[PDB]
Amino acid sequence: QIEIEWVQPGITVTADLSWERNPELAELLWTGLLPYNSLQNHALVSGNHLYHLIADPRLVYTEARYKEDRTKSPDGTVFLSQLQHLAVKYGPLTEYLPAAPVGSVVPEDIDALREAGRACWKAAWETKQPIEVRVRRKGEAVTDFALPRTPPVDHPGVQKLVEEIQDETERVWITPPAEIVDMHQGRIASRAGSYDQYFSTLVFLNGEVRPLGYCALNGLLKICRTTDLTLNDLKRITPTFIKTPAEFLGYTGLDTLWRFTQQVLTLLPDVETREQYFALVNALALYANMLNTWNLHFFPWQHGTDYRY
């Protein structure tokens, strides 16, 4: 049993964990991930779905034993995905992609859940109020949320950079990053956007950050942990999947993203172990995925009033 606290709406629900179908994932949440906090997003495509990022690389490569069509899942079902989400269905879904269930919100708490889901939708559609979520073991108080830090690494250069990136990831974990807020308000040093408007810039912002985190960066992580591709080859293929997106994004306004990427690309040829490679890339990957949660939050979805079925 776990509790899920949405702070701003002031709603807490309780969910039963199950080791029956996906024991490795249940065990991962129960033992390795809890307790944590995150920025709570609402799905913009999939339907009445809530997901939030968990700052732990294991979610990228841990396999499920059992997946089901998520639209057929009962409301209240809790999932874990390799996009590093914990997810909860609270109403109908259109996205029929397989998902890995690990439990469900107790029957007594479903109304609370749907109510909370609507509060989360309202925040992303209208108010832009960042909604903090706290997840912890049932009946275990926490007054200490801090992002995990990968074990230190025998390399002053790598470790220093890892710490810097992770620190920054924590700093803006539930606090809006200024470089994201600024772009949405048009405060953009480079004036990016054709013909004096920055709407397109926001679409490209929203568009490039997301795959860079979950696809390129997390892909490298997945490959690194689940295959025996050599360190030399990991090092070689990395600039190819991560340089251009970050560079273009740097111009649009993500100076910190692009700065971090340059320092990583700069250190990368000289790392000596797979452990060093992984901490370096993991730190950037989490930073990238963190930014996506804020784009999900801040992007003007409101325009969809003019795009109803």
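When you see a residue number, it is the position in the sequence shown, counting from 1.
> Compare the mean C-alpha B-factor of 237-245 with that of 32-40 as given in the PDB entry, and name the stretch with the higher value.
Going by the record's values, the stretch with the higher mean is 32-40.
> Look up the CA B-factors in the entry and say which stretch, 205-213 or 111-119, has the higher mean.
Higher mean C-alpha B-factor in the PDB entry: 111-119.
> So among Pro148, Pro176, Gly193, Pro92, who wins on Cα B-factor in the entry?
In the PDB entry, the greatest C-alpha B-factor among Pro148, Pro176, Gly193, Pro92 is found at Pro148.
> Looking at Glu126, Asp167, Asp228, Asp75, which one carries the largest C-alpha B-factor according to the PDB entry?
Each of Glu126, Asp167, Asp228, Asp75 was compared by C-alpha B-factor; the highest is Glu126.
> Based on the deposited C-alpha B factors for this chain, I'd like to know if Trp301 is in the lowest, middle or highest third.
CA B-factor rank for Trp301: middle third.
> In terms of the chain's CA B-factor thirds, is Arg134 lowest, middle or highest?
It belongs to the middle third of the chain when residues are ordered by C-alpha B-factor.
> For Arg70, does the deposited CA B-factor place it in the lowest, middle or highest third of the chain?
Highest third - that is where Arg70 ends up once the chain's C-alpha B-factors are sorted.
> For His184, return the chain-relative third of its C-alpha B-factor as stated in the PDB record: lowest, middle or highest.
For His184, whose C-alpha B-factor we compare with every modelled residue in the chain, the answer is the lowest third.
> So where's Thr273 on the chain's Cα temperature factor ranking, which third?
It falls in the bottom third of the chain.
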